[PDB]
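**Student:** Handing you a structure now.
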Amino acid sequence: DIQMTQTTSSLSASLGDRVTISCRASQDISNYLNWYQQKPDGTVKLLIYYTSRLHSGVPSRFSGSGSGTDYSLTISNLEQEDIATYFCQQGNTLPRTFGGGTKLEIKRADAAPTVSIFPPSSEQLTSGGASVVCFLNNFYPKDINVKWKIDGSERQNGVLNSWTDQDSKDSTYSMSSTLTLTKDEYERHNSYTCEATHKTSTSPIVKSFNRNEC
Amino acid sequence: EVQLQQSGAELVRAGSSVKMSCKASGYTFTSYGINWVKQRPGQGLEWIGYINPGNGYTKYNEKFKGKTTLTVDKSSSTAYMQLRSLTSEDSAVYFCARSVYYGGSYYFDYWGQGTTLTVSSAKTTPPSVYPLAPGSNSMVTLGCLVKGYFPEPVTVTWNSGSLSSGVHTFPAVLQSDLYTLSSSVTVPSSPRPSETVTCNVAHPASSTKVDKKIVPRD
């Protein structure tokens, strides 16, 4: 049908800034675009309609333009409540399609994660399970790549990650990583490594332990 | 004030079917169309389809038709959506919204709180709280592993809440058809193991509450 593309998943800015998210149509919408705002608590509102330009009860800082294939929402002066996810939507041709959405996020100095490893707990091992966990706390920006190593190599299976939204006091992200094995498998190997690669340096932050040394 | 309250969240075995509610108030229910958008954590809002309450006329988006059926109740001014032959693919949050005209084409000006749908065959089952302690320098990080529980949610606090800052409770993730989550608290080294640092995980569905203490060693 009519694709809807927002080149940017996440957009950074500071309060007081003039923020512009963009949205591109696979074809000519002849000005039938609308803007939706979804706040973290999941609720969605209507900010603008009809090729942008049109409001609803929304504050003046909210502006909007475009035509044909390109269109964009501008928030002339960013305010805390404006931190949400914005989707665009072409109401020209059936079916009605949306845009991946552009989540804003506060700008913070680069930080670098605090990497921590943890061996399986006795209480778990006696169950016959064995999970090695790894926390990469309070880092920014939000892109980070973690890599597991069992006895100097491999390991992709059993690795389940979780990521937290941006913090509200400071604006850092955090990440949980768990590698699940079987007490037997776990016991067949010695060193386990959790390698955190972040743009904050070239050298991966490496934290690990050896069962033999426990 | 135009309002639209949707149904509570739902838990349903796949293959099955469900009918969720969207009740309007504060306006002529018959005068505007109802839409249904679906949202899966993998971002993006899909367009299920539209229904005009007055004529009962409907319009689906080919990818949703057949499994989906949009019906109203002009009497109690309340729109419905019935999803059939469910799968794990349509576990998401479903929104209903009001459609207005304005020159040339419609837009959605009012949404609902949405209803969360979860398609699982699991049944209420307590978690297994596992203490995360360092191995055998100013600040030290501990943790607690909550694994094997169903359904959501779980409440984790440290020392019954006395440790607010420096905590991190990651979203859950789907293990072998069961949930798992982790939480980390950071405290000066003077606090532990000098003092007690404990995690309190609460899993309502099973009416559970477990305090797991973080002791040194393994």
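**Student:** Using a 10 Å Cβ count of at most 14 others and DSSP loop calls, identify the longest part of chain A lacking such GluC sites (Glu not before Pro).
**Tutor:** On the way: sites that count: A:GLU79, A:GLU154.
Longest gap between qualifying sites, sites excluded: A:1-78.
**Student:** May I ask you to list the trypsin sites (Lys or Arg not before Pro) in the stretch B:2-101 that are in a DSSP loop and have at most 12 other Cβ atoms within 10 Å of their Cβ?
**Tutor:** When the trypsin sites (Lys or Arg not before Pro) of the stretch B:2-101 are filtered for loop state and at most 12 Cβ neighbours within 10 Å, B:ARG13, B:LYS74 remain.
**Student:** Over all distinct alpha-carbon pairs, what is the Kirkwood Rh of the stretch A:108-211 in angstrom?
**Tutor:** Numbers: mean 1/r = 0.0703 Å⁻¹.
One decimal place: 14.2 Å for the Kirkwood radius.
**Student:** Further question: Taking only the Cα atoms of the stretch B:122-217, how large is their convex hull per residue, in Å³? List each step's numbers first, then the result.
**Tutor:** Working: hull volume 8.8 nm³, N = 96.
Hull volume over Cα atoms, normalised by residue count, gives 91 Å³.
**Student:** Starting from the Cα of B:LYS59, draw a straight line to each of the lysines and keep only those under 21 Å, dropping any in the same chain fewer than 8 residues away.
**Tutor:** B:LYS19, B:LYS23, B:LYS38, B:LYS67, B:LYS74
**Student:** Is there a quick way to get the dipole size of the stretch B:1-121? I mean about its Cα centre, with the Cβ of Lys and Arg at +1 and of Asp and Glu at -1; what is the value in debye to the nearest 20?
**Tutor:** On the way: 12 positive and 8 negative charges, 57 e Å.
Once rounded to the nearest 20, the dipole reads 280 debye.
**Student:** Once you have all Cα-Cα distances for chain B, histogram them in 10 Å bins from zero and send the whole-percent values.
**Tutor:** 8, 27, 22, 18, 15, 8, 3, 0
**Student:** Moving on to the next point. Using the Cα atoms of the stretch A:57-149 to build a convex hull, what is its mean projected area in square nanometres? Intermediate results must be reported in sequence, preceding the final value.
**Tutor:** Values: hull surface 48.5 nm².
Its Cα hull, projected and averaged over all orientations, spans 12.1 nm².
**Student:** For the stretch B:98-143, what are the per-bin percents of Cα-Cα distances with bins 5 Å wide, up to the bin holding the maximum?
**Tutor:** 5, 11, 9, 9, 7, 8, 8, 9, 9, 8, 7, 6, 3, 1, 0
**Student:** Quick one: what do you get for the stretch A:1-107 if you divide its Cα Rg by 2.2 N^0.38 Å?
**Tutor:** On the way: Rg = 12.8 Å, N = 107, 2.2 N^0.38 = 13.0 Å.
After normalising by residue count via 2.2 N^0.38 Å, the value is 0.99.
**Student:** Let me ask something additional. Which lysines have a Cα lying under 19 Å from the Cα of B:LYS209, excluding residues fewer than 8 positions away in the same chain?
**Tutor:** The qualifying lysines are B:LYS123, B:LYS147.
**Student:** If you don't mind, another one. Any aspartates and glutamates with Cα under 13 Å of the A:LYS199 Cα? List them, leaving off those in the same chain fewer than 8 positions away.
**Tutor:** Qualifying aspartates and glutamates at Cα under 13 Å: A:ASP110, A:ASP143.
**Student:** Would you kindly calculate the mean projected area, averaged across all directions, of the convex hull enclosing the Cα atoms of chain A, in square nanometres?
**Tutor:** Numbers: hull surface 61.5 nm².
Over every viewing direction, the Cα hull of chain A projects on average to 15.4 nm².
**Student:** Counting only other chains, and only Cβ atoms inside 10 Å, what mean value do you get across the residues of B:47-58?
**Tutor:** Working: counts 8, 2, 3, 3, 0, 0, 0, 0, 0, 0, 0, 0.
Taking all residues of B:47-58 together, the mean is 1.
**Student:** Next question. log10 I(q)/I(0), Debye, Cα-only the protein assembly as shown, no solvent, q = 0.06, 0.08, 0.11 Å⁻¹?
**Tutor:** Computed log10 I(q)/I(0) values: -0.31, -0.55, -0.96.
**Student:** Give the Cα extents of the stretch B:1-121 along the principal axes, in whole Å, largest first.
**Tutor:** 43, 29, 24
**Student:** Name the residue farthest towards the positive end of the dipole of the protein assembly as shown from the options B:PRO41, B:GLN6, A:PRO113, assuming +1 on Cβ of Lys and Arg, -1 on Cβ of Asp and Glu, about the Cα centre.
**Tutor:** Going by the Cα projections, it comes out as B:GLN6.
Quick reminder, even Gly has a Cβ in these numbers, built from the backbone with ideal geometry, and neighbours come from all protein chains shown. Only the coordinates and a few stated rules stand behind these numbers; no lab work does.
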